[PDB]
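Labels below follow one simple rule: chain letters A, B, ... track the order of the sequence lines, proteins then strands, and each chain is numbered from 1. Excluded from the calculations below are hydrogen atoms, water molecules and symmetry mates; all remaining heavy atoms, backbone and side chain alike, are included.
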2 protein chains.
Amino acid sequence: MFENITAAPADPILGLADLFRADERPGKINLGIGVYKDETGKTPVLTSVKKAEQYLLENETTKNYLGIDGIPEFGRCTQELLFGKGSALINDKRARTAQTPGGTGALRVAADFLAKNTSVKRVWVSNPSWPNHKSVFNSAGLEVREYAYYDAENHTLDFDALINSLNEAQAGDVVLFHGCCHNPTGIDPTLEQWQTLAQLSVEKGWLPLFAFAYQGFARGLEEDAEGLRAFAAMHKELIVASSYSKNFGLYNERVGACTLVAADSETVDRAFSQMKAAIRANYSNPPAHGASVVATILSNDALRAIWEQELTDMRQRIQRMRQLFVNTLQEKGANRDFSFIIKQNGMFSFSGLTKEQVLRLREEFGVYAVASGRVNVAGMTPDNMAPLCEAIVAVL
Amino acid sequence: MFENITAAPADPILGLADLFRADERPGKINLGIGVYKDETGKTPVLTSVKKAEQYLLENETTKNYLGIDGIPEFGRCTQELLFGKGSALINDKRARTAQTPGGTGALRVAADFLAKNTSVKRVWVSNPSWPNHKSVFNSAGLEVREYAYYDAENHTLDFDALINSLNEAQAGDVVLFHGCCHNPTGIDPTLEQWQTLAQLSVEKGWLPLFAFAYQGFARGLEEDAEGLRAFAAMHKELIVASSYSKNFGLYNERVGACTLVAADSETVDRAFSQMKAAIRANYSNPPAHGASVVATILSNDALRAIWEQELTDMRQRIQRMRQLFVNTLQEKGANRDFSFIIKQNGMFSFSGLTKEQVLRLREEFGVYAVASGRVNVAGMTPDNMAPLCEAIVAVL
Ligand SMILES: *Cc1c(COP(=O)(O)O)cnc(C)c1O
Ligand SMILES: *Cc1c(COP(=O)(O)O)cnc(C)c1O
């Protein structure tokens, strides 16, 4: 059976952790994957989730299976964080969320649902985008098409071109948007542009799939959901795949959510029973620890208040590092003006480096970036800021 | 998009938990799903996993992502438990295991792999079998076909007929077998019959998929793996989907394993890089808590010794209840001889009840069984043994 099976290409993001850990040169710098690090270069588990894990250890009685859709308290808090305290989707029983194994689990379950229960042929994804989008939809059966986004010269969102390529997206097609913190560019639309986009979507009949992985890392939790909320107010149907791996630092417990909205409660519930049938034939029900922890923190005032400060601290450290990277690049030789990275939101930096410059930085200096030029800013500390800036100058 | 989507049929096993929890009659009896209960009717979290969770709380530093395949120590212990201390597959670097979200996650990842990377068209499943088998393979793309198993009159495995229906399974087809504790019959082959089956498989060129959910609940951990070990010794290629939800009482943390074996290390590794590519486009990597706990218990001598006693206690309670169910059924009116259930291994009892008798028991008396006649013996305690036996007699 297995004789002619060729090896698969390494994952562009995930494959770097392999090489990084096989390196054995003492001064290497990882900069690759979107995991946060502190001034010390470590990824600590948050104080607020430790407090919650202690609680759960003292307070659980059973490990018996969860429902297909997971914990109810989890699903209701997720809806509030995304849609608003007193929203109409919530009050009209127009939304249902299932707890998933991470945001990728949420994206596959949506893909599986639409493939089986809809007439969707195409999903539209931005150029550039998270590399694994194309792979989750292709395994479900769906064609991936691209819409222009970001012009490289002026380091801006090229709005007129995003309109003009989406003009050939048919009524019925899926269109993925990033809620906030575009991966990999870090360039999101203004609220005025999101308005212009909510409009058009309704004029043309596209189904919006919103992807959230970084809510809280751009301006704040509420401020970052205003593009999704501008769309909710105009739409009858929407699906959103959400993740809590980044803003809760719960990367390996696999906590996310796939939330479905339709016109009324009867229609969302008919649809949701199909979504649960797709879940049952993949894993059977969701992992409990991670989501049990989110709900506990979100349900307690003391623990919620501590969490939001911990996340405010991470957003601010990343901002300090963004400017330091730019000031240092200029002090050490940079032949280009890299001011434009101060204008991007999130963990990343679409630096502009060519694939050969990225390949060299790795080979000769051991600093690890993705071959697109994306570098994780939250990987940078005061102590490794001069080494890696020097290393870039040499390769320019 | 969602307007004409009909509702899905309720899950035959999972849908009973809904009805049971909506019932509000004080004396109901659940008996449906394969979750163990103690003399008190509760499902406690094991002492040995509590000790391990305490340890992990004290001793973790980070929640940063795991590898696509999960924890190495987890995968190596899983291989020993299944194949043997000093086995040749282990020594010849012929097996690779990935950590999955439960045994169902393990079955889907195998289905996905074979669909994408092989020429498999058919999977052969026993009649009867776990109801959700057909659903995981159909979502992957594969046809499910059935082989005879178990004759209802003599309450035995009908070996000659299992041979004769499998005679039309072609070279290249998958054939699922249950390692031990057949769900739902509780009837496994003798070691002599497993030998006869290992033989034939090699003569005909079928790829064996072994499913394990109950290792340890039939005779003991080592004794229950001897059919799989009889097959390993003859085969070049095998895949096994394993679960730790039942024998570790870790039902909602979602811990399993999908282990691939091929002829040599180069071939297993080429094949395994494809299996990891299917994992990346489903969830991205596995949930850590559950598997971190299995590995900790399996790695410590004190905690391992406590675990094996906890599992010996569960196997024995289920055995006490099997006999009590039979002695009581006869004392209260049973018009049939139900001795045959003392001859079955595992949590269950394929009682023989008709779907209308099962539907009545529920409606009128509130005892919940699956519509096939399967009842969970581990749900029975000394205190609810007389109520439910009476309730069956009334319906006979
Ligand atoms: C991190 C990330 C994901 C994956 O989320 P998980 O919660 O780890 O599954 C998906 N998409 C984007 C853009 C991400 O940054
Ligand atoms: C329990 C069970 C499964 C599911 O295992 P999980 O580990 O819960 O995913 C699959 N097949 C059979 C026969 C089972 O009994």
Side-chain angles (χ1 to χ4, degrees), chain A residues 1-3 5-8 11 14 35 42-45 49-50 53-54 57 60-66 68 101-102 104-105 108 112 117-118 132 135-136 138-139 207 237 249-254 262-263 267-268 270-271 273-274 276-278 280-290, chain B residues 1-3 5-8 11 14 35 42-45 49-50 53-54 57 60-66 68 101-102 104-105 108 112 117-118 132 135-136 138-139 207 237 249-254 262-263 267-268 270-271 273-274 276-278 280-290:
Chain A
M1 224 79 234
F2 308 145
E3 299 88 88
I5 307 179
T6 61
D11 193 73
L14 253 283
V35 176
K42 55 179 213 296
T43 308
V45 6
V49 337
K50 276 287 178 174
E53 284 178 308
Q54 176 78 282
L57 178 69
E60 301 177 315
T61 272
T62 190
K63 291 287 188 190
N64 156 63
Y65 301 100
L66 231 63
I68 308 265
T104 312
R108 186 65 186 287
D112 272 347
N117 306 302
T118 297
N132 198 25
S135 164
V136 186
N138 283 161
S139 62
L207 174 56
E237 310 178 297
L250 277 173
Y251 308 98
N252 75 5
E253 299 300 25
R254 307 272 73 217
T267 310
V268 305
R270 266 156 48 219
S273 62
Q274 225 50 90
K276 305 204 292 178
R280 178 51 175 169
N282 188 343
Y283 51 97
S284 180
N285 49 268
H289 198 88
Chain B
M1 224 79 234
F2 308 145
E3 299 88 88
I5 307 179
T6 61
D11 193 73
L14 253 283
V35 176
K42 55 179 213 296
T43 308
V45 6
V49 337
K50 276 287 178 174
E53 284 178 308
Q54 176 78 282
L57 178 69
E60 301 177 315
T61 272
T62 190
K63 291 287 188 190
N64 156 63
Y65 301 100
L66 231 63
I68 308 265
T104 312
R108 186 65 186 287
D112 272 347
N117 306 302
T118 297
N132 198 25
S135 164
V136 186
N138 283 161
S139 62
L207 174 56
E237 310 178 297
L250 277 173
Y251 308 98
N252 75 5
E253 299 300 25
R254 307 272 73 217
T267 310
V268 305
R270 266 156 48 219
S273 62
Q274 225 50 90
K276 305 204 292 178
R280 178 51 175 169
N282 188 343
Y283 51 97
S284 180
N285 49 268
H289 198 88

Report task. Count the heavy-atom pairs under 4.5 Å between each of B:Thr267, B:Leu14, B:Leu66 and chain A, then report the option with the highest count. Result -> B:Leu14
Side chain / backbone / both / neither for [X] at chain A, heavy atoms under 4.5 Å:
X        : value
B:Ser284 : both
B:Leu57  : both
B:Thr62  : both
B:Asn64  : both
B:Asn117 : both
B:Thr6   : both

Query - Contacts of type side-chain hydrogen bond (donor to acceptor under 3.5 Å, both in side chains), residue B:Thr104, not counting sequence neighbours - result: none
Report task. First locate atom CG of B:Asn132, then atom CZ of B:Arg108, and finally report the distance between them rounded to the nearest 0.5 Å. Result -> 10.5 Å
Requested in this report: First locate atom OH of A:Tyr65, then atom OG1 of B:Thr43, and finally report the distance between them rounded to the nearest 0.5 Å.
Outcome: 11.0 Å
Report summary line: In short, A:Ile68 meets A:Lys276 closest at the heavy-atom pair CG2-O, 3.5 Å
Largest heavy-atom contact set with chain B, pairs under 4.5 Å, which of [options]:
options                               : value
A:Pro286, A:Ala271, A:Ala278          : A:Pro286
A:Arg254, A:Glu60, A:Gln274           : A:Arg254
A:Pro101, A:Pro44, A:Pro287, A:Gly105 : A:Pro287

Report task. Please list, chain by chain and in numerical order, all residues satisfying side-chain contact (heavy atoms from CB on, under 4.5 Å) with A:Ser273, sequence neighbours excluded. Result -> B:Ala7, B:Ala8
Requested in this report: Using a 4.5 Å cut-off on heavy atoms from C-beta on, say whether the side chain of A:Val45 contacts that of A:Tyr251.
Outcome: no
Requested in this report: Using non-hydrogen atoms and a 4.5 Å limit, figure out which bit of A:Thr118 sits close to chain B: side chain, backbone, both or neither.
Outcome: side chain
Query raised in the report: Can you say whether A:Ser135 sits under 4.5 Å from chain B via the side chain, the backbone, both, or neither, judging by heavy atoms?
Result: both
Query raised in the report: Salt bridge or not for A:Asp112 and A:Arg280, using N-O below 4.0 Å?
Result: no
Query raised in the report: Less than 4.0 Å between a side-chain N and a carboxylate O, is that true for B:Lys63 and A:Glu53?
Result: yes
